[PDB]
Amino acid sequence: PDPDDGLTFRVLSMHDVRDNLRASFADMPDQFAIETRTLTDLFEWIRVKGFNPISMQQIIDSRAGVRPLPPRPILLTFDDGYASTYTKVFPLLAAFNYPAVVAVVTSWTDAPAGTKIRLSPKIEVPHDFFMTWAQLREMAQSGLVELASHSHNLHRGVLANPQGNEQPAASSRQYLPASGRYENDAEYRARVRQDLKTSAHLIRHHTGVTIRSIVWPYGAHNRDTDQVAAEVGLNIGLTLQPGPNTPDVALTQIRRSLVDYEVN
């Protein structure tokens, strides 16, 4: 298995099965014949197998050669910013003293008061399904949680072609019905840049936190989005490619595994 070198780490992205919005357009990693366990049981598995959950700060420090990672290091991440992240996950993180990354879709968290969040063309959810800014700031101030961008409004599908086939918003040059054309490279870069910039500003404004990482929705990213993320200062990126993060893996291309859980 993985070399124990104070540098190589695994990342585990946790998804609550009751937030069942998975996407057609997205090309997610295979989940078939993988057992869904409870979150508490997951935290107990982590412990008993000898994993040592680490923070993003610890990753950065190991790369800079200041402090090596502990053995069997793992990064836990919780994206999308649903309310259960605060009421269920947060007190377990505290009880086990495990750090985590929480990645915020800021157009969801920051939606106008009294309005519903549209997730898909046929699905809207109440504003209060999501953690409040005050709740996120509290997690950030606990010392246990690193806040990250899950984009502002890239956590959805956009039109890839005239008929109606969808692709992830961040990856594709989107087709514009009003223009009668696709986005050009300049337009595309501008849209993704403004999105990332907005999510970082909103997070800093409301929590005081300067983020330094992006968790790409649906693992969708490319050369252009990585370059643009770098321009806005987000030099840490998390993908859906699985595998060990060995020293030759750039922190812009962090690998992670996806696992589903149930809460009680």
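All residue numbers refer to positions in the sequence shown, first residue = 1.
Comparing 162-170 with 94-102, the higher mean C-alpha B-factor in the PDB entry belongs to 162-170.
Between 73-81 and 184-192, it is 184-192 that carries the larger average Cα temperature factor according to the deposited entry. Across the residues 227, 36, 57, 199, the deposited record lists the maximum Cα B factor for 36. Remark: of 108, 86, 133, 175, 175 shows the highest value [criterion: C-alpha B-factor in the PDB entry].
Among all modelled residues in this chain, the alpha-carbon of residue 206 has a temperature factor (C-alpha) in the lowest third.
Residue-level temperature factors show residue 238 in the lowest third of its chain, judged at the C-alpha atom. Per the deposited record, the Cα B-factor of residue 141 falls in the middle third when ranked against the other modelled residues of its chain. Annotation for residue 29: C-alpha temperature factor in the highest third relative to the rest of the modelled chain, per the entry. Remark: residue 122 belongs to the highest third of its chain, ranked by C-alpha B-factor as recorded.
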